[PDB]
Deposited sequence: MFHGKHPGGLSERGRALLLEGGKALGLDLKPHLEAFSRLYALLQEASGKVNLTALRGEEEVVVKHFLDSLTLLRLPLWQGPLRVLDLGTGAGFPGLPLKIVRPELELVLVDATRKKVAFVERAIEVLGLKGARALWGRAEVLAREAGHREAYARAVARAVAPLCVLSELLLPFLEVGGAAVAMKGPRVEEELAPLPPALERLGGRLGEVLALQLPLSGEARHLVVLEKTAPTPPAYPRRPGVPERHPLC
């Protein structure tokens, strides 16, 4: 079984892995195979990418994605988790931000080639964008998948959220140390810790955590601090 090859897309084995992984998450990815297949072609190992599509799709284990919400994907890199999110939740109005121009260019290109409507890539720094009226507290959701610690991520994500909004920080197997000093820092930003959801990835069984930050009150004018300062002098 799964012998079929595919020059410009996911092989038969890759498609079947994505579908199986999808089902384990509770998703039917059949209507979306071609979009994911085209995304893979574009990223070009196969198994590794399908694992990234699926990790991105774990966001759907939280019921945060109903309707025409404005969503910010921060530090999206090659477009994760934002692009998989947008593929399966097409009503979301997505802005995918990255500080690296080539990444942004890749994302624009992916959006064009997948024919995604209501998604845009934006080149810029979180610290700068969050002090613009167009972006500050303009989003219902924000997401990031990043090595930058929760304390740092909170300062970068929270200022984008309208009150009542929520951010998801996608994290790996270990979150205890990053979480421990967090709640005081959230308070200063107008945030509250929501849920920390532990889960296992579909095919590998790797431990993951989704850390939900709730936006409780407006972020004071002092945050976020200047470009690179949150990273160098974390709030916690």
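Stretches of the deposited sequence absent from the structure, as judged by C-alpha coordinates, reduce to one: 45-57.
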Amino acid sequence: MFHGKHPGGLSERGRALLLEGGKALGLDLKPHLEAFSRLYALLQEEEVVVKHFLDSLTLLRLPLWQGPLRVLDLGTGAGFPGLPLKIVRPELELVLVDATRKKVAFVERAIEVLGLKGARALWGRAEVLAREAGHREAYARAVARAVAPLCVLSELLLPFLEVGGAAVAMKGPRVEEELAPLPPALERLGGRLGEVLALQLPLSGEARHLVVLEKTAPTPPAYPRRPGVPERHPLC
From here on, numbers count along this sequence of modelled residues.
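With 72-80 and 140-148 compared on mean CA B-factor from the PDB entry, the stretch scoring higher is 72-80. In this entry, the higher average B-factor at the C-alpha atoms falls on 103-111, of the pair 103-111 and 159-167.
The PDB entry assigns the greatest CA B-factor among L27, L62, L201, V50 to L201. In the deposited entry, the Cα temperature factor of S37 places it in the highest third of its chain's modelled residues. For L43, the recorded CA temperature factor ranks within the highest third of the chain's modelled residues. Sort the chain's modelled residues by C-alpha temperature factor and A217 lands in the highest third, per the entry.
Sort the modelled residues of the chain by CA B factor and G172 lands in the lowest third. Among all modelled residues in this chain, the alpha-carbon of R125 has a temperature factor (C-alpha) in the highest third.
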